[PDB]
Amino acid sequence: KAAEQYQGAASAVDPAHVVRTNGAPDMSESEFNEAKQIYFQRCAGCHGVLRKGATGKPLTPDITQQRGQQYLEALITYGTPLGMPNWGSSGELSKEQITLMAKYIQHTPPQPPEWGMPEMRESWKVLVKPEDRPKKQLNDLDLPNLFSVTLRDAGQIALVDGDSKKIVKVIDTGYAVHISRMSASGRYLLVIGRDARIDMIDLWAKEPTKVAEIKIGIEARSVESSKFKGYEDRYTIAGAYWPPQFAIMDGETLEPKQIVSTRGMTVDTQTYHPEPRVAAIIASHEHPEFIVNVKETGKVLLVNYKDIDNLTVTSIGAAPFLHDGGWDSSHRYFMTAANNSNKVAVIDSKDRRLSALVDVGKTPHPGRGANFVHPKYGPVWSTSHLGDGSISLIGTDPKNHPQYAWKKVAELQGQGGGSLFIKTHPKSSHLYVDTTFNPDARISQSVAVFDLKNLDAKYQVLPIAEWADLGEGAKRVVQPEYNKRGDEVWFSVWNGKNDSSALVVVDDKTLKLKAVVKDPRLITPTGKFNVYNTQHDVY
């Protein structure tokens, strides 16, 4: 009873300021559930699970009830010129469904489940123990020139032989794999589904097979491996959208070791955000650390894994809505884009500080980017945009080019907006830019190609989808990617699940069609990752 009286006094919290949430329009289970289904299918991607993920005012009951039914129905029906699509005018949703959505967002957001160590360990599986694995490569494949291609809707990936242009093996994975990464030893391929399911693949088995799997959350986009000298295959890390966390696992068995929450304060307003989704992750070559991007809070965390028992993290403020990015030519400065902020943040992995914030076009989407030496400006890194058809060129040589370092030194103009990936190679004199989400069929079905030796000349349009000879469907082209020797560039013709897709290969030296990869198993091909170029960050 002593300790009971010790903790007996009243809380300093004032009961009058603790608020009960409600005042929302009544809706039955049937109604609420119908709206909820539409929300996660059509609205969650942008607005998040807790509805504070998009720009502008959140869809939380404090704001939505302020607006009212009529305002909400009207906004959902016609959308806004600032990124909010129209659901009524387009005919996507009915007025009955819209009335339900307006009522739905006036209620407290329903909570998805958490995903802690117990859930992770339960999902963890060692298919083949390290001891039972081969001591050397048991097949005669040219592993470095292998391509890990995502068979999105089929929940698989396919290993495609670079030179033979044929599928060597199809592997079952998590749903709609987002990216594929290579371990520092060049032996293990890591893939992560958008459902947060990771699969570890041993390229040395007679037939490349999975040796381990685990689920790190409910939804995720990124996975990465330790690339600092002396740590080959030591640790694997992955970022989840939900729950807002990232986990570190054993690089050899995928055993969950540490789980860290990213819920916290924003860089701009320094206010609390309950859903800071983890975006791009890149491994540092300067220190034994992982560079993790936190979207909504706009924070870049340097997670040191020299000692994972007592985790040391350095939090660098950048800019809101961090997404994708990649190394500069020297592999020291992490060029990442804060797309909704229309800026590119530059992270010095050596000094461990924000080198700069560069103003670019509308919604930068570099991917990993494209590096090359500009005649006039020296070493640069480039990115295309979703919001416009411009290409930003940024100086990345502070040491020998201080006049151009971290400055949007110049621009280029591609076919138009809706661009996703820009690309080049050290041995190439070409710069490729796609237009996957451009509203025009012809533009979305082709790629622009610039001449690095003559940047003043207009790009040449390569009819990628046309060359595929596939028939009907949107046939959107996406992410250009080089081979080991980078004497040929690959593209994906992302056609419908019930349509016909293909991989188109172009001779980089001549800009001529070289091969077209077709197979009934090649369903909804999206991302493609050459083993060598991915492992050694060649872009």
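Numbering starts at 1 and follows the sequence shown. Here the rigid core means the biggest group of C-alpha atoms that line up within 1.5 Å when the two forms are laid on top of each other.
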{"item": "Stretch farther from the shown model on average in 7 other deposited structures of this protein, with CA RMS computed after core superposition (169 to 177, 96 to 104)", "value": "96 to 104"}
{"item": "Farther-lying stretch by C-alpha RMS in 7 other deposited structures of this protein, rigid core as reference, of 419 to 427 and 355 to 363", "value": "355 to 363"}
{"item": "Stretch with the higher entry mean CA B-factor, where the candidates are 320 to 328 and 439 to 447", "value": "439 to 447"}
{"item": "Of 85 to 93 and 187 to 195, the stretch whose C-alpha atoms average the higher B-factor in the entry", "value": "85 to 93"}
{"item": "Member of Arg368, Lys458, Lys215, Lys295 with the greatest C-alpha B factor (per the PDB record)", "value": "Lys458"}
{"item": "Out of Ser180, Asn304, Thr336, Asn310, highest CA B-factor residue", "value": "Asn310"}
{"item": "Position of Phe246 among the chain's modelled residues by C-alpha B-factor, lowest, middle or highest third", "value": "lowest"}
{"item": "Entry-reported Cα temperature factor of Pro379, expressed as the chain third it lands in", "value": "highest"}
{"item": "For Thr150, the third of its chain into which the C-alpha B factor falls", "value": "lowest"}
{"item": "CA B-factor ranking of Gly56, expressed as a third of its chain", "value": "middle"}
{"item": "Where the record places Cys43 (Cα B-factor, split into thirds across the chain)", "value": "lowest"}
